[PDB]
Amino acid sequence: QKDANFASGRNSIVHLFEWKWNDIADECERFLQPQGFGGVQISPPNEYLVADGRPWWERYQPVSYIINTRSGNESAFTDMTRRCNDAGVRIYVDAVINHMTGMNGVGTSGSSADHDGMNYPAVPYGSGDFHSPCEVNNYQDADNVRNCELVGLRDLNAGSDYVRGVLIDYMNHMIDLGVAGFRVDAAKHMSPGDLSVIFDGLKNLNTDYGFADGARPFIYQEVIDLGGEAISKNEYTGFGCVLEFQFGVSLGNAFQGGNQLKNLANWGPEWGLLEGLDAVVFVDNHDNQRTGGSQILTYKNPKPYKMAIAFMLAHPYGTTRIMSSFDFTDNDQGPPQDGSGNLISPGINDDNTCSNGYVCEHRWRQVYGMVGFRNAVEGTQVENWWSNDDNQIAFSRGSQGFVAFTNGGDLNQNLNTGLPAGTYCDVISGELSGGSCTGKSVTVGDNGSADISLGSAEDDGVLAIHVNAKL
Amino acid sequence: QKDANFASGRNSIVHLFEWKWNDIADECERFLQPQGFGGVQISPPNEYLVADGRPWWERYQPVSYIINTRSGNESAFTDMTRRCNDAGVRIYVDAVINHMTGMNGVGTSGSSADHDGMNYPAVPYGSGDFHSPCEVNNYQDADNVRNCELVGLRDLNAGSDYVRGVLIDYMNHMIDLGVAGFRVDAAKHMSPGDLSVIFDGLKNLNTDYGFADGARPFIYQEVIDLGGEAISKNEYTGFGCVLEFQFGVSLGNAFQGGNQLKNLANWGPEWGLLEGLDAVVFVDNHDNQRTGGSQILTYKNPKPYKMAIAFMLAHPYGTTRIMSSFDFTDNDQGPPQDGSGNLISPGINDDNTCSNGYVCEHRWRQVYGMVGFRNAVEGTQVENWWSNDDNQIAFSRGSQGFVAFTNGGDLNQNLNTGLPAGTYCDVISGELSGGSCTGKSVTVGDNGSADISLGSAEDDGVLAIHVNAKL
Amino acid sequence: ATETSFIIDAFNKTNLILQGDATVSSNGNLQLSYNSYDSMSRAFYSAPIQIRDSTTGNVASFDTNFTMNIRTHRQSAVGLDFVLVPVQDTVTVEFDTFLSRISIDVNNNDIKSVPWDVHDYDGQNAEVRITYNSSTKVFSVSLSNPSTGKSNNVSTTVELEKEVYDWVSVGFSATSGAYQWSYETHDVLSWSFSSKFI
Amino acid sequence: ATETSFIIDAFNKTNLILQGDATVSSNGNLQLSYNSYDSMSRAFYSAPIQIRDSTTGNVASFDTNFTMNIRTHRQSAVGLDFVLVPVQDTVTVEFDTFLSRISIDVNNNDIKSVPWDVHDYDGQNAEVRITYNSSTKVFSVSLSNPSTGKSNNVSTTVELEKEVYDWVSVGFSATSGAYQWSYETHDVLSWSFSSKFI
Ligand SMILES: *[C@@H]1O[C@H](CO)[C@@H](O[C@@H]2O[C@H](CO)[C@@H](O)[C@H](O)[C@H]2NC(C)=O)[C@H](O)[C@H]1NC(C)=O
Ligand SMILES: *[C@@H]1O[C@H](CO)[C@@H](O[C@@H]2O[C@H](CO)[C@@H](O)[C@H](O)[C@H]2NC(C)=O)[C@H](O)[C@H]1NC(C)=O
Ligand SMILES: *[C@@H]1O[C@H](CO)[C@@H](O[C@@H]2O[C@H](CO)[C@@H](O)[C@H](O)[C@H]2NC(C)=O)[C@H](O)[C@H]1NC(C)=O
Ligand SMILES: *[C@@H]1O[C@H](CO)[C@@H](O[C@@H]2O[C@H](CO)[C@@H](O)[C@H](O)[C@H]2NC(C)=O)[C@H](O)[C@H]1NC(C)=O
Ligand SMILES: [Ca+2]
Ligand SMILES: [Ca+2]
Ligand SMILES: [Cl-]
Ligand SMILES: [Cl-]
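Protein chains in written order, with the numbering used here: chain W, 37 to 507; chain S, 37 to 507; chain B, 122 to 319; chain Y, 122 to 319.
Next up, the structure:
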């Protein structure tokens, strides 16, 4: 239930926020697969509301389950699972199953939505199917947040057999189409009691896609829990992974300059984070990348952000997910638009970037280079820690790989790597192309002990090297 | 260094506060030995000041080391070690080695004492031998309490070779005479640094008394440390036992009614008390039995006090010491007096009590009966805990012994003892005399499971039974 | 008993308790939700304030002011609430920006609420004043934007003569909504309190 | 910054920090050393009071009263001291009953001391009042037995404009002597404090 599920020899996933289906497919086989990528957390695939101005948030008001979105209808979807899955790129659907809508009637696939009368025919769905109306008062009262309307949004009752039936059909339908997981939308607002029963009807993966016989669907959930509240993330642990939200804050604060990197030695459970294999960690996230001053690192502030996801990536804890957002200037501004439509994100020319409004974080040297780094070190515990007891950190994942960095103080140290004596093409700055390094060609003597030099003024604060970079 | 040292098959010691030497001897062989007693912490044996009114406290101002006290001269002392030690009753001298006097000149063995000029000829001792004058200001400043005059008392410098020399001679002299230990007076006011060097010159015990060849002198120290202060008891742990002062407060508060007896399950280190084998535990103490309202239990409030020392006794933690005080009505009133002299404490007739002003706690049924209980269970870890989750506690030290009690609620329970099926003569109330029980003749079926009945109105809240009470 | 009081022209984490996404900027302002959504943060003065006295039955009349600047960055469920949360069953004045109501929510049951519009205050400074007379049992709240002079007030009789309340922990509880109600922030830069017995 | 104040006609462990042998009786009095000798106990108001402001350099003028009844049961080294102990280098007014001196002991170095006799107060209630003007730098102490009207006062110029002090923890520190100076007790039943900035 908490198993990653990626095609072997590969590691971690990406959020291609709002991207089109057929587009995803291209990306799946053209960039994701060649780079040891886990998969993709596919933006909301089911019919949702057509909210005026068409903002990212409209995508979170289910009108129905009819698989026709702004990213495409089933044909393209089915196709997207068939290409993408063969490439090894696992697809992970965003399952919004706690409510429908809070406003009226325009469904993205012609289906209406009578908010007032609590009617969703596409389904169908009526008043009996919903919890009694009331709203989210105190996050100190457990059933209030779960059983009332989160933001005047019609709260479905996952307690009923009919409702459990429908949701189950939806997910399984997706499981039939290929998906291996579900980024459960807002688990905190749902009773874990039936959250399990729903996570049970889900029949084992579709054998015909490549999955290891009888393998269950990866289930990770959305639960913001930074203490205080009457709800805990642990309540949703006995049956699925949860999205660690402290990870972003703490580690984010850390690199933001709000904490000594020297403190990340005991990075892990000792920071109010669940068991390693229980979380899906991430830095920024589609939603909270909108918040802004402080703790959260988005691409808006690049440098420490890369060092951040790098520390993530390099570090073993939980399962990771990079985010490929689109440029934004408001907080509600929709992805690329034209009198109704999503504009493609060609990445062009090729420094392997992207154009016309899509940032493509994942295609950044620093970010992807490190993903393969992750693959390259698997099964290795935390080893060979180091610091200047301030803002210079360094270590390595066994004889398989090494990394270091600095917020302040030219780390012109003379360290170790604990690896085979040789040379290695750094991945941040550089990589190996045509049997020669495109950035830093360092040496490493006959026993790990190597010399490092990463200056403040440099483009970045981080240096990765691993056997799969050995020339 | 921290070894008890008692004659085998025996357990714990007593403070015969102010008692005479030859008197001690009688007690040593007439009552202490027959009852599995460890020994005696012998009141200050060396020449001290003759303070007007002759108060217990005078006993803490060394005029000299000349072995002639209000308890007797060397002849009787030597004798007291020779009788008492043969009886198995180990003697433990109160070593007051941090200061001399703070007032002038009347030494209990004709020796003068020039406080002003810092002169103690009996020794000799002069200004050079003392720390520089200053006094005890802040217990927050470490060298101030150690290096200044505790209560205008001339602070000796245990840092000098001459001074270390003298003290060493004193202790060893005692070691020659027989003693096995030293209740170091006020360790908190002395640098542990030379406290060790002094605890080293001490040559192994006098072979000729019975001691196991090359056995070092038991050293336990006086250090009041209930947190906050700049001084810690642990600073005097690496070379000797310390007198646990929290033991009295906490466990005292407990039985005083200030805490649920149910809480004593994790009684031990988890209460701010050092490793079991590091402390000399005790309930009240000659000094702090003078404080009064609250936490401390003295014989003044009997019942819970007995249950208290019983819990001590029964429980395994550290090494214990019962106290045999003398009745008092002031806070400075001296033991029995007559135009200069200590009146004997005959215990008469014989319910085995004492007369003419001496309380003799140790001769109390409840107290001594439990000491032998202690002997009887040695080498047994804490086992078979029980409670009414309030003020009724019960357990047992292996198949060797059992105990229980109550502050509120007639423990008419039906419990266990985890011992051989049989009958046992309780020791608190009763004991076995002439092959029949003098108080409670309980039964215990074929597997520990026994029935207990201890009522509120009873004389006491406690019931002990052990194989050495099996009829 | 204990009558307590304090004036804070500029906050400092030192005498504060921070739960959730609660912090203090170099500019000396307490800040909640600045990095979070669909969650609740809180801050409380260290000292546990006393409201009811068990030695007489008496109750503290407390009085209190505090300036705050609520933002949404969008041109209770979501908002900032002052709370008397007992010591580790809560009287709470909530500035819910989402239901657009100001109310005295006692045990999830609002004793009195009144509408207010967030756009009359989003972005600027707002003066709040809570006051409870022990003698008349009258609770009262007042919101007012100094820049213009709009005041959404409210008032009601509340009985705190309940044995269960004695010692509370006066603080702030800024809750944050989901989706488009995820961006609201909560700055508080001034706060004064005052309990009293007779 | 933070100006704090409080009146305590009857203590309660709830808003107190207890180190060593420090407690609170049913009669609502703080009590130190009642079960100890040759040791030091302490009690501090929960909230960490602020003395110096780093945003201006400014210093708090604090003022404070407190009744106390020192006993010895015998018909600093030994006594009861009011202390401004920094947050986890201490200004301390000590009522040493042993050296029979009242003084303003700053870093073990008494800045000013004056003799007083314990027998003028042993057994009854004594009114102490500490006061420090930030403007004139004048510290001042006053002991007075209401039953008769004896007052051992004292006063001195003390400079707290030292960067290291910012936040302190106002409390009491009752120390207990050895041998015959082991029985002294320290009851405090009233205490009011007040810091101020301008
Ligand atoms: C709040 O007060 C704290 C504690 O005094 C201040 O933190 C200190 O800042 C001073 C001056 O720069 C430094 O000397 C100390 O090392 C700091 N101590 C700690 C524990 O952080 C802080 O500057 C104050 N904040 C505001 C906004 O005034
Ligand atoms: C909160 O501010 C209010 C309003 O200013 C204070 O009430 C006034 O205090 C001022 C200044 O002393 C007086 O001039 C007025 O007479 C008071 N009443 C009114 C209705 O304005 C109040 O003291 C403050 N409360 C706290 C706890 O700081
Ligand atoms: C100090 O206040 C405390 C906390 O309110 C009181 O302790 C409570 O006593 C009440 C009334 O008897 C009980 O209902 C509670 O169970 C107690 N709570 C706790 C945590 O102890 C205490 O009575 C007060 N002390 C004095 C001297 O007034
Ligand atoms: C401590 O008590 C003193 C003396 O009573 C207080 O000073 C006086 O307060 C009274 C009552 O308001 C006034 O009548 C006097 O004018 C004040 N000064 C003098 C010299 O008596 C003082 O307010 C108290 N301090 C604290 C912190 O409670
Ligand atoms: Ca719900
Ligand atoms: Ca000394
Ligand atoms: Cl997410
Ligand atoms: Cl002792």
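Backbone N, C-alpha and C define an ideal beta-carbon position, used for all residues, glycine too.
{"Check": "Between W:56, W:89, W:128 and W:72, which has its C-alpha nearest residue 106 of chain W's C-alpha?", "Outcome": "W:56"}
{"Check": "What residues of chain B sit near residue 177 of chain W, judged by a beta carbon separation below 7 Å?", "Outcome": "229"}
{"Check": "What is the chain-ordered set of residues for which the beta carbon lies under 6 Å from any non-hydrogen atom of ligand 2?", "Outcome": "B:184, B:185, B:186, B:250, B:313, B:314 and B:315"}
{"Check": "Report the neighbours of residue 130 of chain B on chain Y: residues whose CB is nearer than 9 Å to its CB, in chain order.", "Outcome": "122, 123, 124 and 318"}
{"Check": "Compute the Euclidean distance between the alpha carbons of residue 249 of chain S and residue 41 of chain S, then round it to the nearest angstrom.", "Outcome": "12 Å"}
{"Check": "Does DSSP classify residue 171 of chain B as helix, strand or coil?", "Outcome": "strand"}
{"Check": "Output the boundary residues of the alpha helix (DSSP H) element that contains residue 209 of chain S.", "Outcome": "197-213"}
{"Check": "Over what stretch of residues does the alpha helix (DSSP H) that includes residue 61 of chain W continue unbroken?", "Outcome": "57-63"}
{"Check": "Give the DSSP-derived three-state secondary structure of residue 234 of chain S in the structure shown.", "Outcome": "helix"}
{"Check": "Is there at least one Cβ from chain Y nearer than 8 Å to residue 277 of chain B's Cβ?", "Outcome": "no"}
{"Check": "With distances taken from each beta carbon to the nearest heavy atom of ligand 3, which residues come in below 6 Å, in chain order?", "Outcome": "B:175, B:176, B:287, B:288, Y:133, Y:135, Y:147 and Y:149"}
{"Check": "For residue 286 of chain Y, collect the residues of the same chain with a Cβ closer than 6 Å to its Cβ; drop the 5 residues on either side in sequence, then sort them by chain order.", "Outcome": "172 and 173"}
{"Check": "Does the distance between the C-beta of residue 502 of chain W and the nearest non-hydrogen atom of ligand 7 fall short of 7 Å?", "Outcome": "no"}
{"Check": "Might you give, ordered along the chain, the residues of its own chain that have their beta carbon closer than 6 Å to the beta carbon of residue 95 of chain S, omitting 5 neighbours on each side?", "Outcome": "80 and 84"}
{"Check": "List, in chain order, every chain B residue whose beta-carbon is nearer than 7 Å to that of residue 323 of chain W.", "Outcome": "158 and 303"}
{"Check": "Hey, is residue 52 of chain S close to ligand 8, as in C-beta under 7 Å from one of its heavy atoms?", "Outcome": "no"}
{"Check": "According to DSSP, which residues form a beta bridge with residue 362 of chain W?", "Outcome": "W:394"}
{"Check": "Compute the minimum distance between the beta carbon of residue 229 of chain B and the heavy atoms of ligand 7, and state whether it is under 7 Å.", "Outcome": "no"}
{"Check": "Determine, using beta carbons only, whether residue 197 of chain B comes closer than 8 Å to chain W.", "Outcome": "yes"}
{"Check": "Jot down the residue ranges of each uninterrupted beta strand (DSSP E) in the stretch 172-229 of chain B, minimum 3 residues, whole runs only, in chain order.", "Outcome": "182-192, 200-207, 212-217 and 222-227"}
{"Check": "Which residues in the same chain as residue 285 of chain W place their Cβ atom closer than 6 Å to its Cβ, once the five residues preceding and following it in sequence are excluded?", "Outcome": "331"}
{"Check": "Which bits of chain S does residue 165 of chain Y rub up against, with CB to CB less than 7 Å?", "Outcome": "Per Cβ cutoff of 7 Å: no residues; residue 165 of chain Y is ~11 Å from chain S at best."}
{"Check": "For residue 255 of chain S, list the residues DSSP reports as bridge partners.", "Outcome": "S:218"}
{"Check": "Do the stretch 59-70 of chain S and the stretch 116-125 of chain S meet, that is, are 3 or more Cβ pairs less than 8 Å apart?", "Outcome": "yes"}
{"Check": "Short check: CB of residue 288 of chain S to CB of residue 443 of chain S, under 8 Å?", "Outcome": "no"}
{"Check": "Hey, is residue 279 of chain S close to ligand 8, as in C-beta under 7 Å from one of its heavy atoms?", "Outcome": "yes"}
{"Check": "Please work out which residues of its chain come closer than 7 Å, Cβ to Cβ, to residue 232 of chain B, disregarding the five sequence neighbours upstream and downstream, and give them in chain order.", "Outcome": "225, 277 and 279"}
{"Check": "Give a yes or no on contact between the stretch 120-127 of chain W and the stretch 85-104 of chain W, applying the rule of three or more CB pairs nearer than 8 Å.", "Outcome": "no"}
{"Check": "Answer yes or no: do residue 166 of chain W and residue 191 of chain W have a C-beta to C-beta separation smaller than 8 Å?", "Outcome": "yes"}
{"Check": "Taking only beta carbons into account, state which residues of the stretch 244-259 of chain B come closer than 7 Å to chain W, listed in chain order.", "Outcome": "none"}
{"Check": "Please compile the residues from chain S whose C-beta is within a distance smaller than 8 Å of the C-beta of residue 195 of chain Y.", "Outcome": "367 and 368"}
{"Check": "From what residue to what residue does the alpha helix (DSSP H) around residue 287 of chain W run?", "Outcome": "281-289"}
{"Check": "CB residue 247 of chain Y to CB residue 153 of chain Y, shorter than 8 Å?", "Outcome": "no"}
{"Check": "Which chain Y residues are close to residue 96 of chain S, counting only those with a beta carbon under 7 Å from its beta carbon?", "Outcome": "300"}
{"Check": "Quick one: list the residues of chain S neighbouring residue 218 of chain Y, beta-carbon separation under 9 Å, in chain order.", "Outcome": "Residues of chain S passing the Cβ test: none, with the nearest at roughly 12 Å."}
{"Check": "Among the residues of its own chain, which have a CB less than 7 Å from the CB of residue 291 of chain Y, if the five just before and after it don't count?", "Outcome": "165, 166, 170, 205 and 314"}
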